Every structure is written in structure tokens, then in C-alpha cells.
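Q: experimental coordinates follow, after the sequence.
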Amino acid sequence: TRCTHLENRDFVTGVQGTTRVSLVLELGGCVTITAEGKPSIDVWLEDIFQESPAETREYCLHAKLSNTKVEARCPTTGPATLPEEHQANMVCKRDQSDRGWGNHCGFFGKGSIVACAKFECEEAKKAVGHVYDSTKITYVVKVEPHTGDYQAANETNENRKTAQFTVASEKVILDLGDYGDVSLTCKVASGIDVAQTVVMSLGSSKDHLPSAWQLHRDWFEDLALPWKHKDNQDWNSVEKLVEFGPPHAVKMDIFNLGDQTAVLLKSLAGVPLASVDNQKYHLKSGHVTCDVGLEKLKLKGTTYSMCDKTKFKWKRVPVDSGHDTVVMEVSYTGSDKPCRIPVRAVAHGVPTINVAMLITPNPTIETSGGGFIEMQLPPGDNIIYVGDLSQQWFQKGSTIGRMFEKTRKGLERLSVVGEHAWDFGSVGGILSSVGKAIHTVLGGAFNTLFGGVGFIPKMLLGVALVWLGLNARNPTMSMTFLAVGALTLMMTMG
Amino acid sequence: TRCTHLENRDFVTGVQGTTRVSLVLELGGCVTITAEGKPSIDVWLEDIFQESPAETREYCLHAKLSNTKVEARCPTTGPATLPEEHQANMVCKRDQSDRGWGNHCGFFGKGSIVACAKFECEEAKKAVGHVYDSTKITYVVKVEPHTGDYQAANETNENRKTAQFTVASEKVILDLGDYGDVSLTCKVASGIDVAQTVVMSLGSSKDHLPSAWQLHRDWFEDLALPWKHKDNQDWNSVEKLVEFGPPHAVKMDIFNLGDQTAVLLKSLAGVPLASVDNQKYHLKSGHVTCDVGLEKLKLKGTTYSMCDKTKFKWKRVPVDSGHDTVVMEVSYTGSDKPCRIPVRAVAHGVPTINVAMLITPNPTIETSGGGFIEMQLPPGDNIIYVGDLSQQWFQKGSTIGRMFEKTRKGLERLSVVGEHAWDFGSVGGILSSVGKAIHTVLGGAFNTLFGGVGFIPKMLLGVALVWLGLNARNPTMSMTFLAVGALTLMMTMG
Amino acid sequence: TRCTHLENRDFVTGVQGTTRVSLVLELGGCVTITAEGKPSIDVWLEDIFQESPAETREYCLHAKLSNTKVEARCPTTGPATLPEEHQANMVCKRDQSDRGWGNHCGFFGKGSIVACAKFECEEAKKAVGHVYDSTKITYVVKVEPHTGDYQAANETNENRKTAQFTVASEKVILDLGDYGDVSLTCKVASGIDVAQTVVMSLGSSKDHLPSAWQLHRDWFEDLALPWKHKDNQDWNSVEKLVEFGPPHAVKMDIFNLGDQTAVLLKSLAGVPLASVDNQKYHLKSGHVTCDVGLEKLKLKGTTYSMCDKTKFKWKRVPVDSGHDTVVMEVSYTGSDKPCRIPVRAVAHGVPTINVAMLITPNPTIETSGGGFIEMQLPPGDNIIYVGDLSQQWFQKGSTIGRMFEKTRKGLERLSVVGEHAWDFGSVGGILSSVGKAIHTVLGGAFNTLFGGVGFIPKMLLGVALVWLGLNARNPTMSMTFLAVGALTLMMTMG
Amino acid sequence: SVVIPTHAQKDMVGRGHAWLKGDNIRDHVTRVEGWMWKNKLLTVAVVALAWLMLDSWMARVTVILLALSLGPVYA
Amino acid sequence: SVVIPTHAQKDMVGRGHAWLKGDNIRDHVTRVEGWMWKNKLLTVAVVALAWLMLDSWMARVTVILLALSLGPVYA
Amino acid sequence: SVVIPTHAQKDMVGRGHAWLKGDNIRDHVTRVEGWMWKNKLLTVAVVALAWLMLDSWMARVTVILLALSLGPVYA
Ligand SMILES: *[C@@H]1O[C@H](CO)[C@@H](O[C@@H]2O[C@H](CO)[C@@H](O[C@@H]3O[C@H](CO)[C@@H](O)[C@H](O[C@H]4O[C@H](CO)[C@@H](O)[C@H](O)[C@@H]4O)[C@@H]3O)[C@H](O)[C@H]2NC(C)=O)[C@H](O)[C@H]1NC(C)=O
Ligand SMILES: *[C@@H]1O[C@H](CO)[C@@H](O[C@@H]2O[C@H](CO)[C@@H](O[C@@H]3O[C@H](CO)[C@@H](O)[C@H](O)[C@@H]3O)[C@H](O)[C@H]2NC(C)=O)[C@H](O)[C@H]1NC(C)=O
């Protein structure tokens, strides 16, 4: 019901006797867990949020200068000084001016001039940063079974369960009802890195702008802008936004460089977005490794008789889904209402073999509704039977395309999530562990070399390494350079 | 006198028989003319201005979106339409989104979505440009004879005259009083190119910014910002300041890129400044070529007797000016006020030889003024006599230093002016004509090639050219490329 | 007689036909001028001073800290700030301390701590600098004819006349009374370098230190000490006298480096001293080049009659002075007190040829006194006849020794004064010009290379160049190295 | 003026919405295209210079691309 | 996504005041220095590879400067 | 630690009295001798080391002087 809404969807199969499933949940994706002899469930991560986090720094994006004072002195006379050079929130500059008899100085030469102004920041032009606390960052994980009834995204499901995960949670039991219980027993250390995550926001929100941005600590702590802290009163580095023109006799024009919001936005391309509603600071790009326990799950509808075959009718006719599946919903015209649906399919001309891999394992029609059936069929011209209700079906695609798409999904998960991609659907093995170690080492090398380098320079460096290896006289150096260049090119695309 | 108020100054010396002097009056410099038998005069360019010029396109630097609308259709229902499209000041975008039964669409697939929003410009966020007219632009030239009186820049001089040169003026004859007439003939066509000049101004009052800038028409007209005319109300290219985010089912976000004034100021580095006053649009950088006629000038106080030797006191003892000259003032209390000052100078140990190059024609104490003297001395120890007054003077420098300074000033004039610098102090010689022609051709070629290229790329191109010259086997190409590279490097540094 | 009061004396013999003499008068020196038929005079530079000279930047040698204040913040609670960080006359420091639970924080890590303290300067501890003015610095030259009466150094001489020289003085004529008139023309520019000289005061009288020092502007302006100007109120670079200890949790210790007068005094070894009385700032080392005129001198007492023989008596018998001269003092006991002393000397064995070269030309007795005589006899056995008196004199030395001493004095004058020594007693010529130009070139090069290098490193570099010349067998390089090394070795000794 | 380094760290990305994904490359392409369109004789001269003075295809391509990339940026 | 090329035309310049003369050069220098400080390991690797593989000092310096000046701006 | 460079200029010394004339040389000699009297074994080691390792007499002497002059002022 839920996974059909989101395009990014993964299927997990749990063979009979399986005790636990390991997942890497991620925002913007759904996971359907199909198990032998147990109901299928949808598990997804709804949001990551903290309430009332601490702030870090307040960069000023637009300044207003109030009062300007200029002091000049004659060449032979000493340097020019102001009381304002040693006051809080003042921006000053020292330079030299050409003096003479025209400027009423006794000698011709270069004088001393100092110009000062009062720095003040516009209230709505200010970039505020917030940081997350490991003990308080909360992960909300939702689980809904396959109840056999369809509800749109704007209709609430009474069988949906929510679990909020802080570091104080070991194992969460969700009473799915007649479908048993499901455990989650998963970790918060595998999520985002709070020590290197900053959620920047702008005070002005009605300017048609995102609420917040998901930044990195190093970039946010190295901006060439004035800064302070909320409880503090005196600004730091006030001369960034102010430029002083060349002196003219006894004058020095002070110029304001305008608003730097546009430059900041132009330099933020590619960063993930975030949200703020009231005091909750959400983020919309993240993941968390979570295990699912299928021990206590229970199949509803095994003691029931079988729905009559000659009493079905279409409510929605089957259609292609967004995930290579068939979705439908039937209606039943009988009084023996709580019963089981006889679904089956056959390729045209092979009527003795069923080819339907039901995702709703045991469909039921109940007094309160039911009838939503989702299946996956092999390519070709099939026939979908629900009792006496036939529906000729032609499934698109091919086996080779399916294998290629599965490989592409694996590669994309590897590119997005990273080393945790080896923890997805892992039942415990040696290949996964060695792959994870190799990927960790490779990622460490790649991040320590080209971590803060752009896409084009990385591609050019890879090509330069490839050329050096190709022209390399010594075979060993040639092989080393070709391998490193190919590795850099492969990692660069991700 | 007036030339002494500026650090930049030029001396034009005329031998006997010279009656016309060709000058390149730069706005920001002063010229002192020292002939024989005639008074010295100061000629400089005051300002270049026009009242009420014509308009060009006006851009928007910060927009204001409102009345956002979205319309989406289901995957097969057809394309989406909005009346707000095909309307003025409305920025729109068309995209596709993922639909399905979760969004109440009968089929899974990509559906058409369209978003629109109204466009407005903030009241004081504009970059308006203006264009001068060759027939209406005005040049102001002022003349000040050397009457022996000194006045600071704050005090007005009653001996000063002004002349305005439009194309209808051409030739203006000034009456300097008892010093005769001075003829000026400035050709306006030799000034700036009005076609390629735009005086851009931001409408944002205060904000601690320059009044206006002096731009080039191509750069201003090739900008990627919305534009329109003053009289019009509808903007063009309204989508330059706006961005649309990825669709989310049945809604897509419209973003405001912010105020681009800071980027514009960042991209205007090195551009000359200007002014607007109330309605007169001035320029602070420029030049004009004038001819000065020295035939009708007279010398005041030639038949005056000589002042008494023992009645001279130092009002201002000699001091070193910024132009390797000496400036002093005296007082006289010996009655018979209209008389001639007996000023001179001799090097120590050589009392039989005078080494004074008076800049004032013949210093004279009148009934109600006189006393200021300006003069130039050779390096070494000197003695300055004004009657019986004595004052030891040590002039720093050397003959080679002065020659180097003169050639340095000539090179600066070439770098700042161009082919008109060959008309400075000209006497119509063939060398000047050939130099002017060669400079015209070389500068034309250099600007055709490297017109819009920056300093660093020009230097790298010159280095590459010299490397090609050195490495090239052929002697014919080696000399050509090495000489061209040397020309490129010398012209780029200047 | 004044030339007899010090060990540094020079003799100038103006042969017949000499009207002017060029001298280099130094502080601590005396010049005796002798002519064929004119009185001898003593010309010396007495003082160099200026009244109320300009005041340059001061320096603080000993500070006075107080109002110590410290602020600390927890590791993840933001930086610590004080209002005193942005105030005047405060020394502040930022560092990180180690926090925990015994520091009453919440997390173990690196905190932020800041310490500030008010900076004051002790009343008596400053280094005040002064700069001379070329138009107000005075050179005091005194002249004293050989009257014939001896006054000690602590007795006023009525016949001594003074001339104070500034830039406004051209040719000062001094009235010596019955001995005629003497003209003087001194070049101030040949004296001290005002622009690159500083007079530094320090301490109080009770500290038992020199009144002032004669420093170099470059050295004075590059000191690493707090500084300001008298008219200022806030010190600059107050962190140079304060050291901050390592942090300890919530504490930082601020230490006073102490009094820097001892370091400054130890750094000033070798610089000359000065003097300061009331508001005058004298100098004790210096020189100026003057030109003396002897044409108006007269010889007194030529019309008197000779004294009696049998009426003389020794008052001070001849004693070998410190400059190869013989000084006597007699007492005539006759009524005709105004008369001429018949002085005469003959070498033993030739009683018919006089040998005395009287520096006191025409000794005369007078009512007030008279009787002092100074001679310069040839080496050997002599006899001094003064009337009927006799006194055997053995003048130690020889002509070769005297020529060697003259050469030694010339070399010492080159060492001390330098390029100006070639103008001493010079009528012009070519040797005094070629040698002066060569010395100017050598001094310029030597100052440009080893201006601020010490005696030991200069000797080391000279030895290194000499060895390089000796080893390297190329003619040109060997000769260059040997010559330059020899020049360095000779020039570095003074 | 004010220099804000571009956010080159992509360690936080996910499947959520991103702020102007890939407009740095479009900005670079627009800048290069504009500079080329304003400077045509210069680019043609560079192309003819590399073509007749170099022998290796890689050398020509590298020189041309480096010139085009370094011209507009360091103007 | 608004790119405004710098005003490289200098025909109109004279002896008057100019707007932030030499600011772009300082911006470029600061950008290069900031990039180098954050990628010291990569810079050392580039220098060492140029030393190892290139046998001419001039080519070595040209390659190093090209890499350093071409990295940060295209990030 | 306030370090005040010594006044090494000789452009103003004449015939008048001076402040602590020829005291830097005396201090240098005293410092060197004092260091050499507290490091007898190290000084002997350096002398014998230059004796044995070198045959050029001037090399021996210059090495000894350089070592004994670089010891105290930098330790
Ligand atoms: C989730 O969103 C869906 C879709 O938006 C929403 O279903 C909507 O319910 C409303 C409820 O009124 C429907 O509005 C209809 O609009 C027109 C108005 O003319 C008519 O179809 C309906 O009015 C008539 O309805 C009766 C029979 O239906 C008539 O007999 C009578 O004359 C009424 O006037 C009605 O107003 C709207 O069409 C649907 N949209 C669909 C089905 O796509 C659903 O409720 C939302 N779920 C929530 C909020 O939990
Ligand atoms: C210059 O100083 C000298 C001393 O250095 C002064 O002369 C000496 O002064 C002392 C007194 O301090 C004399 O003592 C008395 O002097 C006179 C005789 O001269 C007489 O009153 C006493 O019998 C007694 O001796 C001393 O004699 C005298 N002589 C000497 C050789 O020292 C001198 O006055 C000083 N000059 C000036 C102008 O101050």
C-alpha cells in the first residue's frame, strides 16, 4: 500500500526459518519484506529530526553603516588616531593621503588618515547554524502490514505503526494486531555523523527559499563573512563586507558590498535540503541500518473457507505498477464474506503451471473490505485468474532487463549509501565482510585524496594517471597507474 | 599655483618663436606652460558632463514573486495548461512528475505538471544606463595665469577663467586681464567615444555606493538579467532570476535566486567611476586634445623698478614640492609697493653663476598682492637669494634620475592615453606622425586580438609566444613570434 | 689658547696669497690658523642644538597590569568572550583548556578560555625620541685670536666671538676688535643627516644614566615595544611586555616580562651620547664644513717699541705641550708696559740663524698682562732667548716622525669624518676632487652591502673573499675578489 | 570582494531533494561559450597556431582545451 | 545560475578613481591558497609525480601551476 | 622575550663620548670562553674529530672556530 507511492522500492525475500532481516533504510525509499509462510510488511524511515538544537555562529549577509568619522593629519605631524579604532562593532582602515599647501599643511608629502564606521546587521539577513546531539536525534521508523486494502497517501491507515529511535532504545515491539508483532532492534550510530553535520537556515522564509540546508562543519566554519554567537554582542571580522576607496585629501569613502545571499546560494549547489517546522529541525537526506525480526509475525486468513469463484468482479482492472508489478482490486458479491481469494496466473498455452509470485501472500475479503492483490508475472502473454474472472495480460520487459535493473539498483545503492550497502539483506557471510572492508579502505583513500575536490578536476586527474600509465616504460608502474586511474574514474561518477 | 594642488603635473616649455602648443588635457592632471617673454599659465580639464542624456535598457537585480499557481494532469489524461501562461511578467516552467493511485491517478507513469508565478522588481533594485550624445556633451577647460599669488583649493581665484567646448564652440578666446588673451581650440572628436560609453547607475539611494559607473556598451548590453525600457511595464527574460525545483507529485517549488547586486559589483573591478549630481551626468576619467595660442599674452611689471633688498621676510620658507620644484612666499615692508622682486640662486662655491629656472615669469610685488615664487634648481647644495635674504637649499636627486622620471611619465602617458600622447607638446614633426601611425596600427591589432582578455591570460599568451619563438627551428618564425610576444608582454603591463 | 685645552689640534698654515681657507670643524676639535703677517686665530665648533625639537613616538619599557579577568566555556558550549577584548589598553589571549566533570562541565574535551588585563605604563619608564629640523638646527662656531694672555678653561675670555649658523646665514663677519674682522661661511648640508637621526631620552636623573643618545631613525622605528604618541591615549602593541602561561581548567596566568631598560642599554653599545638641558637637545659628536676668510685680519702692536732686556722673568718656564709645541709665560717689570717681547731661539752651535716658528706672531706686553708665547722649534738641541733670558730646550722627534704623524692624522680624519676630509685646507685642485669621488663611490657601495653588519662578520666576509681570490685561479675573478676583500678589510677598521 | 568556496563535499547526499544539482557545470559551460563567442579571432588563431606548430593530436587537444578553460576564468 | 562576466574592456580607464582596482587578482590568489591549504596531500602528490615523471624543470613548473590554477575554479 | 637588535650603524660616531664602547666584542669573547670552560670534553672531541677527519689545515681551523662560535649563541 505504501511502497507503491514511492518510486525507490526494494524487495527483500526471507526464506522459511529465517529469524531476522538486515536493512539499510533511507529517506525517500520503501522496503517490502516478503517471507515464506508469513505476511509481507512495508518498512521505511519517515524522518530524522531533533527539537530545539543548539546553535552555532550567526553569519551576517547584509550590513548597514550608520556614522562615518574621518581623521587626517599633516605629513610631518604624527599619525592619525580615533577613539573608534578600539570599540566593539567598528570597521576602520589606515592609509596615507597626499597633502600640501592646498590642504593647509606646512609640508608636501604623504599624511596619515583613518576612517571608521559603525557596523550593524540587518535583522532578516543572517545565516544561523544548528548542530545535532547524538543523545537526542530521533529516527522515526514506520511499519505497515499488507492488509489487502488500498488507501491513498492522503488517507490515514489505522494499521500503520510508528517507532521513534533514540540511543535509549534497544528493541521496539510493534503490535501489528492480527498479523502478530515485529521487532526492529536497530542502531543510531550508523546514521548521520552529528559531529560533521550542520543545518544552516535563513531568517527570511517568505522570500521563496528553502527552510534550511544540510551542510558540512568544515565548510560552514571557514566562510569569509562576519560572525558571532547569539548570546554575544560584538561581531567578528566586520571588515569582510566593507571596502574602502582611495583617499582624496581629507576624505575616504566607505563602501558597502551589498547582500551576499546570492553568492552563498550560488556556492551551495548540490547540498541536500532540510526542513524546519516550529522548533523541529528535520533533514530530508539520510539513512539508518535497521534489522527486522520476523519471529512473531502471524498470517491472517488460514482458517477461512474459500471465496466462491463465480462471485467476483473488477473494481480496478490490473495495471502496470512503477516497479514491474501488477496491481488490482476485486469486489465480492457473497454473504460468506470472510474468506480466501483463489488467485492464479498462466502463460497463454501453458495452463497447468502457475506463474504468479503473489506479494500479498494470502488475500482475504473481510466484512470491512479487502481485495487488493499485487503480483509479479514473467514476461509474455499471461492470463490472470481470480476465480472465474479472466484477464488476458501481457507483461513487458525481459529476464535480461530484470537482471540488469537489479544490478543497477545494487550499484546505485552502493553509490548513495556507501559501505553499508553490504549490510542490506545480509544473512552473515564472508564475501560481504571482505567487500565491506575493501570498500572502506578504498573510500578512505578516495576521501583523503579527492574528498574536497570537484568532479571535473577528479576526472582530469584520473585521465592524467591513465595517460602516465599508458606511456609508462616500466610495466609495473604502468599497471599501477592504469589501476589507480580506472578506480578514480569509477568512483568519480558516483 | 593650481597645478601644485595635484600629485600629477606636466611642464611644457616653449622656445622663442613658438605660438601654438598641442596638449592632451587629462581629467585628473594639470599642465604648466613655461615660455620665454610670456607669463606662465595653468591649463587643465575640469569635467566632462551632459544634462539629461538618453536612456537604455534597465535591468532588475532583485525580484518579487507572487500568486504561484500549479496545475497537473494524470499520465495519459493529456498535457497541462494554465491561462497564466502567455501573460506578461509571468515566469513559467513545464516538467513531468511521477503519478499513480497514491495521487489519485488511474495509471502509473509520468504526468505533465506546469507552474507559474508573477514577476515584479523591487522599487529601488535596478541598473539603469545612459548614453551621451556627441552634439550635446560638454568639456570644461579652465585657465589660470601666474599672478604671483597663492590660494588654497578652498579659496576662489578671481584671475581664473573657464571655457566650455561643445561641437558648436570649437574655439574659445579668453581674456586673462592684464596678461592678455589665450586662445583654445579643442576638437571634441578627439575626446571619448560616446557610442561605446554607458554611465550606469543603481537606483538604490544611500547604501554607501558610488553614484555611477563608466562602462562599455558591449558588456552592459550582453548581461544575463531581465530587462525592459523606462516607459514600458513588461519585463523580458523574467526567468533569469528564478529557479524551479524538482517536481513532487502534484506540486513544484519556485525559488528566488536573490539580489544579484553583489555579483554585479564583484564583476565591475577596475571600472572607472562617474557621478550623477542632480541631473548632470559627469565623468571622472577622460581626456581632450587642445591647441593653446600664446601670441596675445602680455607680461605684467616689466618696467617696474626693483624692490629694496633689505625689506624681505620669509612668510613661508622654501619647501620641497611634489614636482622637484621649490615653493616659497615672502613679505615686503619697504613702501613703493609696485616693484620687481630680485630673486635668484647660486650653487655653493660658484657665486658667479645662476642656476634658477623660475616658473613664475617675473615675480613682482603689487600694491595688494605678490610674493609667491616657484622655481626649479639642479641637484646639489644651493643658496636662494631674494634681495639680501639668504636661505641654504639642498635639492635631492640627479640628472639621470630626472631623465628617467621624464621617460617614465611619457610611458605612463602612452599607457593611459594611446595614440593621442604623440600629440602632446607636438610641433608637427614627422617623427610624431610616424609614431602615431605605428601606434594606431599596433593598438588596433592588439585590441582586435586581445580586446576582452584579462591580464593573466595575456601574460601567459605572451610567454607562450616567446617560447614558440625560442623553440621554433625556422629563424623566420622565431624572430616574428619572439618580437610579437615581447610586444604583447610590454603592452599588457601598462 | 683654546687649542691648548684638548689633545685634538690641527695646524693650518696660510701661505702668502691666501685669502680663504676651507675647514672641517668637528666637536671635540680645535684649528689654529697661521699666516705670514696676520694674527693666528682658533676656530672650533662649540655646539649643535635645537630648541623644543619635535617629538616622535614613545615606547613603554615597564608596564603595570591590573584588573585581571578570565572567562571559560564548556567544550561544546561555544567560545568564551569578554567585553575587554574590544577595548583599548588591554592585552588579551585565547587558548583551549581541558574540561570535564571536576571542572563542572558535561563533556570531556577542549574548552575555550580567554584572559585579559588592563595595560598601563609606569610614570618614569618611557623612551622618548626627538627629530631635528634642518631649518632650526643651529651650529655654533667660536673664534678667538692669540691675544697673549692665558686664561684657563674655567675663565671667561672677552676677546672670544661667537657665530650661530642656520640655513638663513650666508657670510657671518665677526668683529675681533683691534685684530680686525673674520668672515665665515658654513655649509649646513655638510653637517649631520637630520632625516635619519633621532635623539632618545630615558629615565630620570636619579638613575645615573646619560641624558640622551644619538640614534638612527630606522633602528628606533623598528623596536618591538609598545608605542604611542604623546598626544595619543591608547598604546599600540601592548602584547610585547606580557607573556601568558598555559591554561589550567578555568584559569590563565598573566605575567609581566619586567623592565626593558637593561636590554635597551645593552643593545645601544657603541652609539654616541648627547645632552639635554632644560629644553635644548645638544649633540656631542658631529662636524660641519666651513670656509674662513683672513683678508680683513690685522696685526696688533706693530707700532709699539721693543721691551727692555733686563726686566723679564719667567712665570711659566717652557714645557713640552701635547702637540709638539713649546709654551712659556713671562712677566715684564717695566713702566713702558705696552711693548714688544724680543723672542728668539738658536740651535746649539749656530747662534746666528733663528729657528723659532712663533705661533703667537707678535707677542706684546700690556698693562693688563701679556707674556704667553707658543713656539714650534726644530728637533735637536736649541736655546730659547726672551730678552736677556735663556732656557735650553731639547725638542724630541725628527722630520720623518712628524711627516708620519701628519699622515696618521690625515688617515684618522678619513676614518672619522670620511669623504669630507678631502676638503680640509684645500684650494681646489683635481686630487681633492678625484679622491672625493672615489671615496663617495666606495662609501656608497660599502654602506649598501654592509651597512648594518657588525665588525666581526665584516672581517669574516673580507677574509672569505680574500681566500676565494687566492684559491680561484681565474685572473679576473681572482683580482676582483682580492681587491674587494682588501677594501673591506681596510674600510671596516673605522 | 567576498569569496565563498563551493561545497565540494558530497558525503551527505541521499535520495532527497538537492539545491540546484549540477548548475556549477552549466555555469562553466555558459562562461566558456560566452567567452568563445565574444573572442572568435583569438580562438581561431589559437587553433591554427596549435595545428601548424604541433605534431601530436593529444598535445593539440590539451593545449586548446586548457586555453579555452583558463581564458574566461582568469580574466 | 546568474553568471556575469568581468568587465575586461579597459578603453575607458584614465586617471580617475577606479572601482576596486586589482580585486580580482587578489580573489584568484586567495582562492588558490585556500584550495592548496585544504588539499596539502594532493598538492604534494602532484608535485612528487611531476618530479618523478617529467625530466624538464620548466615543464614541471608549468604542469604544477596549471594544475593548481585549474583545480579550484572548476570545483 | 623582548629581543632588541644591536645598533650596528657607524654613521654618526665622531670624537665625543660613546655608550659602552667595544662591549659587544667583550661580551662575545666572555660568552664563548664560558661555554668552552663548561664543555671541555665536547670541545676536545670536536678538535680531535677535525684533526683526524681532515688534512687541510685551514679546514680544521675554520671548522673549529665555526663550531665554537655556533655553540653558546644557539644553546
Ligand atoms: C484525499 O483526496 C481525495 C481527492 O481529492 C478526496 O476525495 C474527494 O472527496 C471529495 C468530497 O466531497 C470529492 O468532492 C466531490 O466533488 C464534486 C463537487 O461537485 C462531486 O463529485 C461531489 O459532490 C457530490 O457528491 C455526491 C456523490 O459523490 C453527490 O450525490 C452530491 O450531489 C454531491 O454534491 C464531491 O463534493 C472529490 O471529488 C473527491 N476526489 C476524488 C474522489 O478524487 C479524499 O476525501 C481525500 N481524503 C482525505 C482528505 O482523507
Ligand atoms: C677656576 O678654578 C680654579 C681652581 O681650580 C680657581 O682658582 C682657585 O680657586 C681657589 C678657591 O676655590 C683659590 O683659593 C683661594 O684663592 C685666592 C688666591 O688665588 C685667595 O683668596 C686664597 O689665598 C686661596 O688660595 C685658589 O687660590 C685658586 N687657584 C688655583 C691655582 O686653584 C679659579 O678661581 C676658577 N676660576 C673661575 C673663573 O671660577
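A: Now that the structure is in, tell me what you want to look at. Numbering: from 1, shown residues only, chains lettered A, B, ... in the order given. Ligands and ions are numbered 1, 2, ... in the order given.
Q: what count of nearby residues applies to residue A:474?
A: 10 (other C-beta atoms under 10 Å in any protein chain shown). To be clear about C-beta, it is placed using only N, CA and C from the backbone, and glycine gets the same treatment.
Q: same question, residue A:25
A: Here the number of neighbours of residue A:25 (other C-beta under 10 Å) works out to 27.
Q: what does residue A:93 give?
A: Residue A:93: 18 neighbours (other C-beta under 10 Å).
Q: in chain D, what residue lies closest to chain F?
A: residue D:3 (36.8 Å; C-beta to the nearest C-beta).
Q: list the contacts of that residue.
A: Contacts for residue D:3 (C-beta atoms under 8 Å, 6 or more residues apart in numbering or on different chains) come out as A:224, E:27, E:30-31, E:34.
Q: next: residue A:493.
A: Residue A:493 is in contact with residue A:415, counting by C-beta under 8 Å, 6+ apart.
Q: could you do residue A:134 as well?
A: Taking C-beta under 8 Å, 6+ apart, we find residue A:134 in contact with A:167, A:188, A:194.
Q: closest to residue C:145 out of those?
A: residue A:194 (98.7 Å; C-beta to C-beta).
Q: pretty sure that closest one sits against residue A:136.
A: No: in this structure residue A:194 lies outside contact range of residue A:136 using C-beta atoms under 8 Å: 9.5 Å.
Q: the two: which has the busier surroundings?
A: Using other C-beta under 10 Å as the criterion, residue A:194 and residue A:136 rank with residue A:194 on top: 18 against 15.
Q: run through the residues that contact the more buried one.
A: By C-beta under 8 Å, 6+ apart, the contact list for residue A:194 reads A:131-134, A:137.
Q: which of the residues you listed count as buried?
A: A:131-132, A:137 (16 or more other C-beta atoms under 10 Å in any protein chain shown).
Q: format those as CSV; extra columns: secondary structure and distance to ligand 2.
A: Converted to CSV, the buried ones among the contacts of residue A:194 look like this (DSSP: H, G, I helix; E, B strand; the rest coil; distance: C-beta to the nearest ligand atom, whole Å):
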residue, secondary structure, distance to ligand 2
A:131, coil, 88
A:132, coil, 93
A:137, coil, 97
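Q: which of the residues you listed come close to chain E?
A: Applying C-beta under 8 Å from any C-beta of the partner chain, the subset of the buried ones among the contacts of residue A:194 adjacent to chain E is empty.
Q: for chain A, just list every one of the helices.
A: Listed in chain order, the helices of chain A (DSSP state H) span A:217-220, A:261-266, A:399-416, A:430-450, A:455-470, A:475-493.
Q: and the nearest residue to residue A:76 once chain neighbours are set aside, how far is that from residue A:154?
A: Using C-beta to C-beta, 6 or more residues apart in numbering or on different chains and skipping residues adjacent in sequence, the residue nearest residue A:76 is residue A:107, 5.2 Å away. Per C-beta to C-beta, to the nearest Å, residue A:107 is found 83 Å from residue A:154.
Q: give me the more crowded residue out of these two.
A: A direct count of neighbours by other C-beta under 10 Å for residue A:107 and residue A:154 places residue A:107 higher, at 15 against 8.
Q: for that one, what are its contacts?
A: Listed by C-beta under 8 Å, 6+ apart, the contact partners of residue A:107 are A:74-76, A:99-100, B:319.
Q: which single residue in chain D comes nearest to chain B?
A: Here the residue of chain D nearest chain B is residue D:75; by C-beta to the nearest C-beta that distance is 3.5 Å.
Q: distance of the residue nearest to that residue when sequence neighbours are not counted from chain A?
A: With C-beta to C-beta, 6+ apart as the criterion, residue D:75 has its nearest non-adjacent residue at 3.5 Å, and that residue is residue B:454. Distance of residue B:454 to chain A, computed by C-beta to the nearest C-beta, to the nearest Å: 21 Å.
Q: and chain B, is stretch D:12-26 touching that?
A: Yes: remark: stretch D:12-26 sits within contact range of chain B at D:17, D:20, by C-beta under 8 Å from any C-beta.
Q: okay, buried residues for stretch D:35-48 please.
A: The neighbour-count check on stretch D:35-48 (16+ other C-beta under 10 Å) flags D:35, D:38-39, D:42-43, D:46 as buried.
Q: among those, name the ones in helices.
A: D:35, D:38, D:42-43, D:46.
Q: ok so, going back, export the contacts of residue A:107 to CSV and tack on distance to residue B:343 and neighbour count?
A: Shown next, in CSV, are these (distance: C-beta to C-beta, whole Å; neighbours: other C-beta atoms under 10 Å in any protein chain shown):
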residue, distance to residue B:343, neighbour count
A:74, 27, 18
A:75, 26, 18
A:76, 26, 14
A:99, 26, 26
A:100, 22, 25
B:319, 16, 16
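Q: from the contacts of residue D:3, list the buried ones, please.
A: A:224, E:27, E:31.
Q: ok, the second one - contacts?
A: Taking C-beta under 8 Å, 6+ apart as the definition of contact, the neighbours of residue E:27 are D:1, D:3.
Q: secondary structure element for it, which one?
A: helix E:23-38 (DSSP states H and E).
Q: tell me the angle that helix makes with helix B:455-471.
A: Going by axes from the mean of the first three to the mean of the last three C-alpha atoms, to 10 degrees, helix E:23-38 is angled at 80 degrees with respect to helix B:455-471.
Q: so which of the contacts of residue A:107 belong to strands?
A: The members of these that map onto strands under DSSP state E are A:99, B:319.
Q: any chance of the contacts of residue A:107 in JSON lines, plus distance to residue A:427?
A: Formatted as JSON lines, the contacts of residue A:107 follow (distance: C-beta to C-beta, whole Å):
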{"residue": "A:74", "distance to residue A:427": "87"}
{"residue": "A:75", "distance to residue A:427": "86"}
{"residue": "A:76", "distance to residue A:427": "89"}
{"residue": "A:99", "distance to residue A:427": "85"}
{"residue": "A:100", "distance to residue A:427": "89"}
{"residue": "B:319", "distance to residue A:427": "95"}
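Q: wait, which of the contacts of residue A:107 is closest to residue C:206?
A: residue A:76 (34.2 Å).
Q: residues touching that closest one, list them.
A: A:106-107, A:109, C:54.
Q: go again using 10 Å as the cut-off
A: A:99, A:105-107, A:109, A:111, C:54, C:131, C:133 (C-beta atoms under 10 Å, 6 or more residues apart in numbering or on different chains).
Q: what's the neighbour count on the residue of chain D closest to chain B?
A: Neighbours around residue D:75, by other C-beta under 10 Å: 21.
Q: any figure for the gap between residue A:486 and residue B:280?
A: Taking C-beta to C-beta, one finds residue A:486 at 68 Å from residue B:280.
Q: most centrally placed residue in the chain?
A: With no chain named, the answer covers chain A. residue A:285 (1.3 Å; C-alpha atoms, centre = their mean).
Q: chain D, not that one
A: Centre-nearest of chain D using C-alpha atoms, centre = their mean is residue D:69, 3.7 Å out.
Q: skip the chain neighbours and tell me the closest residue to it.
A: residue E:70 is the one closest to residue D:69 (C-beta to C-beta, 6+ apart), at 6.5 Å.
Q: give me phi/psi at the one you found?
A: phi -100, psi -20 (degrees, to the nearest 10).
Q: that one against residue D:66, yeah?
A: Yes: Residue E:70 is in contact with residue D:66 according to C-beta atoms under 10 Å; the separation is 7.3 Å.
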